[PDB]
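Participant: For the first sequence, my numbering assigns the number 9 to the initial residue and increments by one for each residue that follows. Take this structure, written in structure tokens, and hold onto it; I'll ask about it next.
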Amino acid sequence: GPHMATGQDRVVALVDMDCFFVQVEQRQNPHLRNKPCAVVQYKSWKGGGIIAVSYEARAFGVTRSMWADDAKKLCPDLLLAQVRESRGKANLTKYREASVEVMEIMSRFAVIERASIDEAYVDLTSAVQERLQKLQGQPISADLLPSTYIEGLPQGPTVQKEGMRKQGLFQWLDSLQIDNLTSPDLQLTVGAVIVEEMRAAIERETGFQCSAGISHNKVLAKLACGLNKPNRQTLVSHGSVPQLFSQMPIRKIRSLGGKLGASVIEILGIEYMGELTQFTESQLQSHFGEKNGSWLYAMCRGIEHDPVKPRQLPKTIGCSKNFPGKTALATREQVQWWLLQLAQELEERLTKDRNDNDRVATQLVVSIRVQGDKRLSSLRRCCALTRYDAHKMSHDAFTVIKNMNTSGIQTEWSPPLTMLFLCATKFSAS
DNA sequence: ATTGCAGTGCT
DNA sequence: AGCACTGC
Ligand SMILES: Nc1ncnc2c1ncn2[C@H]1C[C@H](O)[C@@H](COP(=O)(O)NP(=O)(O)OP(=O)(O)O)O1
Ligand SMILES: [Mg+2]
Ligand SMILES: [Mg+2]
Numbered sequence: 009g010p011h012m013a014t015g016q017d018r019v020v021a022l023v024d025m026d027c028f029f030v031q032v033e034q035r036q037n038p039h040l041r042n043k044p045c046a047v048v049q050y051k052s053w054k055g056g057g058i059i060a061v062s063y064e065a066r067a068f069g070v071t072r073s074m075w076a077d078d079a080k081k082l083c084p085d086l087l088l089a090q091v092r093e094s095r096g097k098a099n100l101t102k103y104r105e106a107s108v109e110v111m112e113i114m115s116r117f118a119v120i121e122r123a124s125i126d127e128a129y130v131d132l133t134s135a136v137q138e139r140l141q142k143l144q145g146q147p148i149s150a151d152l153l154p155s156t157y158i159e160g161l162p163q164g165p166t167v168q169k170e171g172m173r174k175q176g177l178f179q180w181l182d183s184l185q186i187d188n189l190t191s192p193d194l195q196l197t198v199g200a201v202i203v204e205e206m207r208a209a210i211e212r213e214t215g216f217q218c219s220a221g222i223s224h225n226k227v228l229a230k231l232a233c234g235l236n237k238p239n240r241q242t243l244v245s246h247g248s249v250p251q252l253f254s255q256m257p258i259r260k261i262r263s264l265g266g267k268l269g270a271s272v273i274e275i276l277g278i279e280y281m282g283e284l285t286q287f288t289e290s291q292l293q294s295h296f297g298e299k300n301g302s303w304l305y306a307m308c309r310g311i312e313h314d315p316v317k318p319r320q321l322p323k324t325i326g327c328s329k330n331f332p333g334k335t336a337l338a339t340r341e342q343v344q345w346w347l348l349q350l351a352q353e354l355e356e357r358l359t360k361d362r363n364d365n366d367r368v369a370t371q372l373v374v375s376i377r378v379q380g381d382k383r384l385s386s387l388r389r390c391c392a393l394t395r396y397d398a399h400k401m402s403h404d405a406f407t408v409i410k411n412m413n414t415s416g417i418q419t420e421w422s423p424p425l426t427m428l429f430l431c432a433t434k435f436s437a438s
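Take a look at the structure:
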């Protein structure tokens, strides 16, 4: 009762840009705005691989990983923007720089954890306390939450989307105890007000729209964000969790989308996150390990402690290229020419990173794939990264993998290489 | 013949 | 350290 932790100590948000690479290309080329369009990399094989899709195009069934030729079958008027190609490979610089634009805006409001190229977690606990003391027990107007959904509402004793949103918001705000500055529901609500302001700043200053989730931890904030994408934000309160989880497939919770989540379903014979509450912590630890079992016991009750890490920059800088089918690299000159292409992009990005961020990478990770291996990687070796020089990095990379050339004669490479990967890591201040 | 990125945890 | 797993 009084000693049962409820996991309501923090206010955490997750901001996730809407169809991000599409918005970057639509900002640049107004002809693509408000159209079914997609972003594709390469073009020769089946029209290119789609990596991002506008919401107008999703209505036709176009999805990521689809070949553009196939997407055109569902959406003949689909417009396409191509990822830049430099040195014979896709180059994501435009999207990395657009990401920096958004992350720098978010950092004005609170410390952020860069979770991917287009999403960040925000710890708003402190910002909420300061806004709460400034309000002075002032009620929160619905006009301050013009794009916010309250998950689970309306409920109890209009057939249009926006009417429902407002009805749920009104029920939430009517029930709110604005007199108590330690009320978790009030704290989430102020958090949502701040996230409205953050999202308005992102859109004003970049043109980009995004969705957000506001809750008490990262997993619930991420889950909340997806509930009303695009261009909306969703508040998931602690009280909303039992009903939300009662029909929520386990795989929807971050970190349970793969083999572990599949094993939870199979071993326990359950389907939904809420069903996990019927197991003891020791039972879950016995099946999934001490760490996973404790995490699951708390998470199915809406409780998680993983902190928002103060990290705005990526901690690795990597470049990779696949050589599928008949393009697999089969000669030494080939392997050496492509390692140089990769090393030259990496040098360009590393030099820019050092100037911008006052740090230097110290380790070079070299990874390859050989034809036949189903694994993403077939070998990974690390060597020292002492100079930002493409020719040196490419020469060193060749040195650590040259022993894998099984061909008796040097000039040939066997079995052929279907992937080259270079990654700079182990940053130190400079 | 998805591709090209990333971070965390195990051992 | 090298690898499996999981997420954009
Ligand atoms: N498997 C992949 N391979 C290459 N690029 C990818 C990728 N998955 C995503 N990207 C790139 C392209 C994506 O635009 C960007 C962000 O990833 P998301 O947030 O999963 N997808 P989006 O933001 O487009 O749509 P919304 O959030 O509205 O659902 O990362
Ligand atoms: Mg995302
Ligand atoms: Mg996104």
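For each residue, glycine too, the CB sits at the ideal point set by N, CA and C.
By the DSSP assignment, the beta strand (DSSP E) with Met427 in it spans what residues?
Facilitator: Run containing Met427: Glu420 to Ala437, per the beta strand (DSSP E) assignment.
Participant: If you measure between the beta carbons of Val378 and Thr433, is that distance less than 8 Å?
Facilitator: No, the Cβ-Cβ distance between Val378 and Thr433 is not below 8 Å.
Participant: Kindly indicate which residue of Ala351, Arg104 and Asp126 has the alpha-carbon position closest to the one of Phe28.
Facilitator: Of the candidates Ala351, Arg104 and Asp126, the one whose C-alpha sits nearest the C-alpha of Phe28 is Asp126.
Participant: Mind checking whether the beta-carbon of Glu353 lies closer than 7 Å to any heavy atom of ligand 2?
Facilitator: No, Cβ of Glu353 sits at least 7 Å from all heavy atoms of ligand 2.
Participant: Should the stretch 400-418 be called in touch with the stretch 307-317, which here means at least 3 C-beta pairs below 8 Å?
Facilitator: No, they do not touch.
Participant: Would you check if the distance between the CB atom of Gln241 and the CB atom of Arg207 is smaller than 8 Å?
Facilitator: Closer than 8 Å, so yes.
Participant: In the DSSP assignment, what residue or residues form a beta bridge with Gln90?
Facilitator: Paired residues: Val48.
Participant: Candidates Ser149, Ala150, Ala118 and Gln16: which alpha carbon is nearest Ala135's?
Facilitator: Checking every option, the nearest Cα to that of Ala135 belongs to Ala118.
Participant: Return the first residue and the last residue of the alpha helix (DSSP H) that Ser134 is part of.
Facilitator: Run containing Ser134: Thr133 to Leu143, per the alpha helix (DSSP H) assignment.
Participant: Candidates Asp151, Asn99 and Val203: which alpha carbon is nearest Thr133's?
Facilitator: The shortest Cα separation from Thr133 among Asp151, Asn99 and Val203 belongs to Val203.
Participant: Taking 7 Å as the cut-off, is the CB of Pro44 close to at least one heavy atom of ligand 1?
Facilitator: False, no ligand heavy atom lies under 7 Å from that Cβ.
Participant: Quick check: the stretch 176-186 against the stretch 145-162, are there 3 or more CB pairs under 8 Å?
Facilitator: They touch, by the three-pair rule.
Participant: CB-CB under 6 Å to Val91, same chain, minus the five flanking residues each way: which ones, in chain order?
Facilitator: Once the five neighbours on either side are set aside, the close Cβ partners of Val91 are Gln49 and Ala98.
Participant: For the alpha helix (DSSP H) that contains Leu194, what are its first and last residues?
Facilitator: Its alpha helix (DSSP H) spans residues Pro192 to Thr214.
Participant: Keeping to the same chain, check which residues put their C-beta closer than 8 Å to that of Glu353; ignore five residues upstream and five downstream.
Facilitator: Result list for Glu353: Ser94, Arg95, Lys97, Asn99 and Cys327, in chain order.
Participant: Expressed to the nearest angstrom, what Euclidean distance is found between the alpha-carbon atoms of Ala13 and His246?
Facilitator: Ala13 and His246: Cα-Cα distance of roughly 12 Å.
Participant: Looking at C-beta atoms only, is the number of pairs between the stretch 228-235 and the stretch 136-145 that lie closer than 8 Å three or more?
Facilitator: Segments in contact, no.
Participant: In whole angstroms, give me the CA-to-CA distance for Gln16 and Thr190.
Facilitator: Each residue's alpha carbon lies about 10 Å from the other.
Participant: Just to confirm, does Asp24 get its C-beta within under 7 Å of one of the non-hydrogen atoms of ligand 2?
Facilitator: The answer is yes for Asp24.
Participant: When DSSP builds the beta bridges, which residues end up paired with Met25?
Facilitator: For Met25, which the question treats as bridged, DSSP gives the partners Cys218.
Participant: Over what stretch of residues does the beta strand (DSSP E) that includes residue 441 continue unbroken?
Facilitator: The chain is shown from 9 up to 438; residue 441 falls before or after that span and cannot be answered.
Participant: May I ask you to report which of helix, strand or coil DSSP gives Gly69?
Facilitator: Three-state result, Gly69: coil.
Participant: For a test of the three-state rule: what should DSSP assign to residue 484, helix, strand or coil?
Facilitator: It is not possible to answer for residue 484, since the shown part of the chain is limited to 9 through 438.
Participant: What runs of the beta strand (DSSP E), each 3 residues or longer, lie entirely inside the stretch 321-365?
Facilitator: The stretch 321-365 contains these whole beta strand (DSSP E) runs: 325-330 and 337-339.
Participant: Please list the terminal residues of the continuous beta strand (DSSP E) segment that includes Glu121.
Facilitator: Its beta strand (DSSP E) spans residues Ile120 to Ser124.
Participant: Pull the bridge partners of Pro257 from the DSSP assignment, please.
Facilitator: Answer is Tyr280.
Participant: Just the Cα atoms here: how many angstroms apart are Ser385 and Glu170?
Facilitator: Whole-angstrom Cα-Cα distance: 48 Å.
Participant: Report, in whole angstroms, the separation of the C-beta atoms of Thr166 and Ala200, which I expect to be a contact under 8 Å.
Facilitator: Incorrect: roughly 22 Å between the Cβ atoms, too far for contact.
Participant: How about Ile58 and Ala79: do their beta carbons lie closer than 8 Å?
Facilitator: Yes; because the gap between Cβ atoms is below 8 Å, this pair is in contact.
Participant: Measuring CB to CB, does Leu82 end up less than 8 Å from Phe68?
Facilitator: In this structure, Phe68 lies closer than 8 Å to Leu82 by Cβ.
Participant: Please find out if some non-hydrogen atom of ligand 1 comes closer than 7 Å to the beta-carbon of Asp85.
Facilitator: Not under cutoff, so the answer is no.
Participant: Return yes when the Cβ of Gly221 is within less than 8 Å of the Cβ of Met256, no when it is not.
Facilitator: Contact flag unset, no.
Participant: Whole angstroms is fine: what's the gap from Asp131's alpha carbon to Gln31's?
Facilitator: One C-alpha to the other measures close to 26 Å.
Participant: In this structure, does DSSP put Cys233 in helix, strand or coil?
Facilitator: Helix.
Participant: Helix, strand or coil for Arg389, going by three-state DSSP, please let me know.
Facilitator: Reduced to three states, the DSSP call for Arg389 is strand.
Participant: With a 10 Å radius around its C-beta and 16 neighbouring C-beta atoms as the bar for buried, classify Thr197 as buried or exposed.
Facilitator: Classification of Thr197: buried, given that the 10 Å Cβ count is 16 or more.
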